[PDB]
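There is one chain below, alone, in structure tokens, taken in the form solved without the DNA.
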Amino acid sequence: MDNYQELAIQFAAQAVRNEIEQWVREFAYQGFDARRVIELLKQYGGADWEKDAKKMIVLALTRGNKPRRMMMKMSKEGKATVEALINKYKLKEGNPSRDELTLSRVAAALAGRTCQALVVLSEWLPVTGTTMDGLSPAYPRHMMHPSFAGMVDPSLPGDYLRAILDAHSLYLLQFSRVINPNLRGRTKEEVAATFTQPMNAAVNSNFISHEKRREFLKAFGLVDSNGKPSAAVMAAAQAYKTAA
């Protein structure tokens, strides 16, 4: 199997409790620079920073943003690996100062890697690809994480951009209601008020150029060489226009 999945298995809980603690803060403001995250990873990790970052991406996508808590129900190998990560990278929780690493900051700084992992880790996420397919056929797995907004090129023609973000907002809507039970009984407009802000921030950040971002979107199958969105993105976008 793909090594992303091998890692997901190493880090799975023996059973499921206070799971909601792991995800509830996902759209809470984060004050950091992606460049600084990468510097800190290299500084603490040496040449193995990339291998270690991969483990942290699996943790962020499949278990949450609280490394110490997620160790509690892990296998012995799992716990050991996570404890070594915490100690090497000095991992924190929540929204620490700007020179600290968290699992979510790592996932977000390596957005290109994170989103490519979503193709393999689809059935391990809070909202699965199968669940998204019920809302729109062939939903793009590369969109199934908040860090995807950092892959969006804002210089795409306006109609192509709006489709990409609309398609992605379909997953954000679902994900938001799952991770935050306070939003389950709410309208799309009220839920969108909670995820549009950090979304638009990453869309317009200076981390990863327009050109590089668009290369990722083309490599992910989400746009063609003209920037025109795939039929699956188009179907997702319209599904979001009339979503409840």
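The first residue of the shown sequence is 1; numbering continues from there. In this text, the rigid core denotes the largest set of C-alpha atoms whose superposition between the two forms falls within 1.5 Å.
Not pictured, yet referred to below: the form deposited with the DNA bound.
Using a 4.5 angstroms heavy atom cutoff to the DNA in the entry with it bound, all of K66, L183 and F195 count as contacting. Partner proximity in the entry with it bound, defined as non-hydrogen atoms within 4.5 angstroms of the DNA, places exactly one of 131-139, 158-166, 89-97, 74-82 at the interface: 89-97.
With the partner omitted here, the residue from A53, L40, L217, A60 that has a non-hydrogen atom within 4.5 angstroms of the DNA in the entry with it bound is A60.
Taking the partner from elsewhere, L172 is found to have a heavy atom lying within 4.5 Å of the DNA in the entry with it bound. In the entry with it bound, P126 approaches the DNA with a heavy atom inside 4.5 Å. Residues are counted as partner-facing when one of their heavy atoms sits within 4.5 Å of the DNA in the entry with it bound; in 205-244 not one qualifies. With the core held fixed between this form and the one not shown, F11 has its Cα displaced by at least 2 Å. Taking the rigid core as fixed, one finds a CA shift for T196 smaller than 2 Å between this form and the one not shown. Taking the rigid core as fixed, one finds a CA shift for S230 smaller than 2 Å between this form and the one not shown. In contrast to the form presented, in the entry with it bound the C-alpha positions of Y29 and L61 spread farther apart by 3 Å or more. A change of 3 Å or more separates the two forms for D133 and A28: their C-alpha atoms lie farther apart in the entry with it bound.
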